[PDB]
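See structure below.
All of the numbers you see were taken from the coordinates with simple rules; none came from a lab. Note: ideal-geometry Cβ built from the backbone for every residue, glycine included; neighbour counts use all protein chains shown.
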């Protein structure tokens, strides 16, 4: 009757709510990671610009010395 | 009264089913976004190695030339 129906539905709501909360905590940790990925990407883009620049400096100076006569 | 409460509880269960499904799908989306991002990490890492390597080869050949 209504009494065991209530008992069972209150239990399922508690179970689902708990699983939902766990899911939303995961999503939130992941959302914080996606923001911290944007900063790491920018850092990588910077390091790459820098490495490229240093590479061209070395390559060009080597070509220049090899071309010296 | 009690029978109304049961009807309302069933709807509230169903809505929680919906929210959890939505979250679990969102989690699958954010999951393969961690796969794409880590494949971008590895791509950046390869490019960085390549640039540093060409840099270091040029440096070392130039040093050898300058040192007679």
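Shown here is the pair-distance distribution of chain B: with all Cα-Cα distances grouped in 5 Å bins from zero up to the longest one, the shares run 4, 13, 8, 9, 8, 7, 8, 6, 6, 5, 5, 4, 4, 3, 3, 2, 2, 1, 1, 0 percent. Per-residue mean of foreign Cβ neighbours for B:37-48 is 3 (Cβ atoms of other chains, 10 Å radius). Helix A:2-67 and the long axis of chain A differ in direction by around 0°, with both axes built from C-alpha atoms.
For the segment B:49-62, counting C-beta atoms of other chains within 10 Å of every residue's C-beta and taking the mean gives 6.
Under 18 Å from a label point set 7 Å out along the Cα-to-Cβ vector of residue A:3, the amide N atoms of region B:1-33 belong to B:1-7.
For the protein assembly as shown, the average shadow cast by the Cα convex hull is 10.8 nm², which is a quarter of the hull's surface. Taking 7 Å steps out from each Cα toward its Cβ at residue A:38 and residue B:26 produces label points 1.8 nm apart.
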